[PDB]
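A.B. asks: One structure coming up, written as structure tokens, with questions to follow.
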Protein chains: 2
Amino acid sequence: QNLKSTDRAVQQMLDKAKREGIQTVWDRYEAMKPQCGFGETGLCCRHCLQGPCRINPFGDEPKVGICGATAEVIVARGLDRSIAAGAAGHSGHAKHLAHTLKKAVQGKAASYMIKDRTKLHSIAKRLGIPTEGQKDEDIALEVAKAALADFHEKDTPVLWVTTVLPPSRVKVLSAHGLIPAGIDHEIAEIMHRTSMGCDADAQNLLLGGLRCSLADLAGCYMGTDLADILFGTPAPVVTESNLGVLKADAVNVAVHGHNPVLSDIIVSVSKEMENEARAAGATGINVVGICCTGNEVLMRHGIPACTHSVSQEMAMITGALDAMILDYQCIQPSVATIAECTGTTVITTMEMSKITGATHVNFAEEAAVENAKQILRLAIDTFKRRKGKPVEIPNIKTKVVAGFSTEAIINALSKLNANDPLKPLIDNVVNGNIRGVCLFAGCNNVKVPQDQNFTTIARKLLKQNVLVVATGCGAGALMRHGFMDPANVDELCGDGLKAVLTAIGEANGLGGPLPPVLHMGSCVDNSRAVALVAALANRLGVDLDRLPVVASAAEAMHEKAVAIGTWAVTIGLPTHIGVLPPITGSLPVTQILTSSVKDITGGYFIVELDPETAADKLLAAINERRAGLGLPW
Amino acid sequence: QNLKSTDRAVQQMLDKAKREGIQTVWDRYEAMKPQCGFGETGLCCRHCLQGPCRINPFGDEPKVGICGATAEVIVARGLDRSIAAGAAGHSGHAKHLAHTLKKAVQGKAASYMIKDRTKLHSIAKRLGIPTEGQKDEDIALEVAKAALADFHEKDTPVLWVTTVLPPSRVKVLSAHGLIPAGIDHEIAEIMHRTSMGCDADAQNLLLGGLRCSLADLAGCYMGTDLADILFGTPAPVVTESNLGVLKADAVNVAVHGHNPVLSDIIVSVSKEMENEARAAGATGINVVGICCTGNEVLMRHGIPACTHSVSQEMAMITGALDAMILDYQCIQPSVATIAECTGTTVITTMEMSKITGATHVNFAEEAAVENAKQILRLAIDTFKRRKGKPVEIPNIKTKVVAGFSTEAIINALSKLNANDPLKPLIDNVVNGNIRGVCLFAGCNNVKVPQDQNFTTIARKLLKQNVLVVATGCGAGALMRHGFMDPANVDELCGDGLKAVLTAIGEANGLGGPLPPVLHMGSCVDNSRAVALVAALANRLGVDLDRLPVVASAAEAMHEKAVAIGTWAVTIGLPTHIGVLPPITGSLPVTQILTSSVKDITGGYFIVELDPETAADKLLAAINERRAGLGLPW
Ligand code: SF4
Ligand code: SF4
Ligand code: FES
Ligand code: FES
Ligand SMILES: [Fe+2]
Ligand SMILES: [Fe+2]
């Protein structure tokens, strides 16, 4: 089982699933081998009913699509659609919070409110929305209106791109026509230009992909902005992770998916239904996190993370998961059938994300507290039904220090320099105590032993004094392996990085250091890393493509991950991906994305499946940036 | 070659291509056989980097996607994306005309103007835009603003759905949540809900598809509305079709693609550059049509149609095609490489639709007349370069009576009843002279011998007195085989239908009948058939799902075709498709789309690859509707 997952809790549940006959994600993968080579290389097109068309990577015919579409067009078209799909998920998430915020301050849904007034006013200022003399509800109305306005064409480009990157970066992108005109506008244009008989030039197609990836960035940043207004900007918090956070004697409720509009309410309402769970024989209601909705409520509330990504089914296999409350994205639809075996009540809540065999509860903000209690009552019902059935919770969990929003990082650094808080970080980059910055982002992928690339790469970078930050299921990986516990700083961190984490921690009154990896939140909160990196760029007076900052989608899976990796490249970052995207079928496309794009945006993809090699390549990328700034390395 | 195409001109050029070594669409198809069975059945998913996932139609594993996605989810997700892609093409076309119209009446692009004031005022009234006391430029501003507004969420649903179908049909669709909220909004929502780990219920997924197909309808109808304002509502016109319209002694210029914003200007400017072509040794400039841009300028100006769809390369093979002027959609990218062999200058003009090896001319409305002359001068240059090279134009063409906009049909029928023009048509449906109505729409498909399904089905329906109308490449097929020449009415038409076409023609002063098939325009002009059918519904006081009207995408190809077929079903029509869409891998999905959907919208797909059987099935569908109205059949 260590070939399936490096996580010992997951291993334990895989043995349980095997003796019980419950098929897993790993079993379905084995049954899919060998996977289709045309798909894997990207040399397959089904964009019209003349297909499927495929192209032999090598050999004789077929060499070209029926309509004349070459390998390089086919590959670029498939990649563009995946970016557009990722953008559609992140911007749909954001759009929904915009409507939620609009409803809140119009009196429609009193369960929602402006919780972070500072953030609301700073977003308004960033957007140009007057705040002087306005009521908060009216500024917030203007911010939600502006959020919704960025989805379509208008007299301005997308403001959640042009106001969040340095003018120098916006100018670079504008010269190449890469600023998005509207978020859903770019999604649609991709689907059009990639449809049969339209765009058939690889460079033109990929320029479209870059622009649509910036539409995805805009949705990410909008989602983080709006969720912070509504639910509070994260600050440092201590909690726990992995399956051992499940409690046999409690009603265990997993919140799973991406958008926290529901599960933030679940968190608060659960705390009151406490005596009602006690009446059913439980100690209380134990909300635990799965995937990015879990990250959201861990970041803000310290809700413990149960598991992540590829291993999500394993939470159910314990026998103690009474309820799994779903919104959308990254939810294995196998969960609905596994619940038949495990007794877990699986509940969908979003109209466009249903799963056959799951109970649906039609969430509406206007009734959130009521929907919350209906769900938690179904969970209390399931806890009652497993009286006297033994459970198998692996007694395995890690301590997790999380909550490092960009505002939190700046405040933590402010304790070392009050009026210039980025300077202590830059100082230590210059002097070498911090070699660079690496953002780990993205999913697990069944093709990679779970977490093996994240932990292998992170270990090698931390030993070389790289400041490591993490979001989404990359942060999930690192937390489950102890990388967010400050007691592991001695083991994991190089001397210089240890010195910096220690200095910052001691100055924030904790007598111990910051944890080895900084948890910056969910997938949309990759926008927070952009905020930090752009603030560094502006404080230094250079563009992002001169900074010793890189990103790693070390175990990428979702179309969202492809979109993030692409806008990481587009804002100027060297960007590693540890799984093969479907591009190897075209050398010209590969060469654009890993080399030529450097001359456009300054960033580039680093495709490397071997994690020890990937780290060496990321460190060379960091050290090249150091050398370009005239720093020792 | 009769196995490749039923068109004798195409046959002639296929022999030429063969002896000259020029690879065709048919050669690339042969080289692709056998095509992938998983693709063909829809049992393949590449929506994340854990794939490609496939499912064996039958046998042993793989039975399910790696993430747990079943056959029915995978099939419904693939189909939803194709609908969203089709919607993206038709609505992108429409959006571009909206911006063109806005520019026109703001003084920015004097080459464009309000040409059909009646249409502008009727659209304004239909939308609720005040016209009383307004300048035309201001009404037109309001119409373009409203067009652009339908792409995003707002306080109203998409008006180019809710104002163009009967209240009874809107109510049926609203009850099931199928009214689109915004055109690009629905495109994005599809791409989101179909992304990994989101919607996983076939019925929910397909309900999303229906709604997004209505977004496609809205873009179609918006495109027709705006193009009519800008370029004139079609009225009956006489011209010619097929390769014999090429002229060795002229500069032959094909306009090819879908959006006529450019080629309408090409048409007019060519007429003046006449003496400049004479100076180069030509008789003049002969603009000819390919695909739906060709249809647009045939409908409005009588420009002759050269060819269509699958056989577009064959125009170049004559040796006399000096220039092919491209916008977007349905353009085989092989044209760019074939031009090396044929000498044809291939020119792209739209920023999001480039082809490697083609000359690009950056069209902008603000400079259209100038861009027009630059292009036509490149074409005059190519004519000069083929002095003394023999050409092989097949001496084959048909006479084409076209221009049957819904306004034109109503006016033609008004000559038989001035104040109730739909009544003469209904009268003859009731008495049986008109058995029903069949709309042929969509593309050719290399899988089907070119035009064989269109002509086989049309012949059998015309003999059974069905009124036949046609758009897009279905109309292209029928025109090239003589179905738009009134001299073929005796041969082709049943006695009762002949009587009606004759009565209407004689009453419009032509001493002969209407042609056997009514050409209603391009693909977006499938919206015109909706206008006619909805007007019939309203005049009769019943919903469209009670009318003896059906549609046939007899040789479907493009994702646009899938979107049209789906909204034909969604507005209540029995809808034949003559090529296999990728749905047979899922019986439950097939059963929804061909049977259960009837209980939602009243329409349904008829999947039938054998054209004689398809016609029998369409006639049974017509006759069932007749019986439901209590009419003999
Ligand atoms: S778009 Fe071209 S390459 Fe793709 S399936 Fe259709 S014919 Fe084949
Ligand atoms: S979305 Fe599911 S079925 Fe599709 S490729 Fe990914 S794992 Fe396979
Ligand atoms: S041939 Fe396998 S992905 Fe299409
Ligand atoms: S396996 Fe052939 S279409 Fe994917
Ligand atoms: Fe996630
Ligand atoms: Fe077309």
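Numbering of chain B is taken from Swiss-Prot, so the residues present carry the numbers 4-636, in order.
When the header is checked for method, it gives X-ray crystallography, 1.7 Å.
Keep in mind that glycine also has a Cβ here, set from the backbone N, Cα and C atoms.
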A.B. asks: Based on Swiss-Prot, name the residue from B:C39, B:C70 that is recorded for the same [4Fe-4S] cluster 2 site as B:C48, B:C51, B:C56.
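C.D. replies: The record-listed residue among the candidates is B:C70.
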A.B. asks: With B:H261, B:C295, B:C333, B:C446, B:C476 listed by Swiss-Prot as [Ni-4Fe-5S] cluster-binding, which of these, B:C215, B:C223, B:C526, is given for the same site?
C.D. replies: B:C526
A.B. asks: For the binding-site residues B:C48, B:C51, B:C56, B:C70, B:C333, which ones lie near chain A, with a CB less than 8 A from one of its CB atoms?
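C.D. replies: Listed binding-site residues passing the 8 Å Cβ cut to A: B:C51, B:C56, B:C70, B:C333.
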A.B. asks: Of the binding-site residues listed here (B:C56, B:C70, B:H261, B:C333, B:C476), which is spatially closest to B:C47 ([4Fe-4S] cluster 1 binding site) when Cα positions are compared?
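C.D. replies: It is B:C56, whose Cα lies nearest.
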A.B. asks: Among B:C39, B:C70, B:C333, please name the binding-site residues whose Cβ is nearer than 6 Å to ligand 3.
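C.D. replies: Near the molecule: B:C39.
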A.B. asks: For the binding-site residues B:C48, B:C56, B:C70, B:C295, which one has its C-beta crowded by the most other C-beta atoms within 10 angstroms?
C.D. replies: B:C295
A.B. asks: Determine which residues of this chain, when B:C48, B:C51, B:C56, B:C70 are set aside, have a Cβ within 8 Å of the centroid of the [4Fe-4S] cluster 2 site's Cβ atoms, and list them as they appear in the sequence.
C.D. replies: B:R49, B:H50, B:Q53, B:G54, B:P55, B:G68, B:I69, B:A72, B:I77, B:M199
A.B. asks: How many other Cβ atoms sit within 10 Å of the Cβ of B:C47 ([4Fe-4S] cluster 1 binding site)?
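C.D. replies: For B:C47 ([4Fe-4S] cluster 1 binding site), the 10 Å Cβ neighbour count is 27.
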A.B. asks: Quick one: of the binding-site residues B:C51, B:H261, B:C295, B:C333, flag those whose CB is under 6 Å from ligand 4, and say none if nothing qualifies.
C.D. replies: none
A.B. asks: Can you grab the distance from B:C56 ([4Fe-4S] cluster 2 binding site) over to B:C333 ([Ni-4Fe-5S] cluster binding site)? Cα atoms, rounded to a whole Å.
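C.D. replies: Counting only the Cα atoms, the answer is 29 Å.
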A.B. asks: What is the total of other Cβ atoms whose distance to the Cβ of B:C51 ([4Fe-4S] cluster 2 binding site) is within 10 Å?
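C.D. replies: Excluding its own Cβ, the number within 10 Å is 29.
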A.B. asks: Out of B:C39, B:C48, B:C295, B:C333, B:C526, which binding-site residues lie by ligand 6, with a C-beta less than 6 Å from some atom of it?
C.D. replies: B:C295, B:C333, B:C526
A.B. asks: In sequence order, what residues of the same chain, 6+ apart, have a Cβ less than 8 Å from the Cβ of B:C333 ([Ni-4Fe-5S] cluster binding site)?
C.D. replies: B:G260, B:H261, B:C294, B:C295, B:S312, B:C446, B:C476, B:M560, B:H561
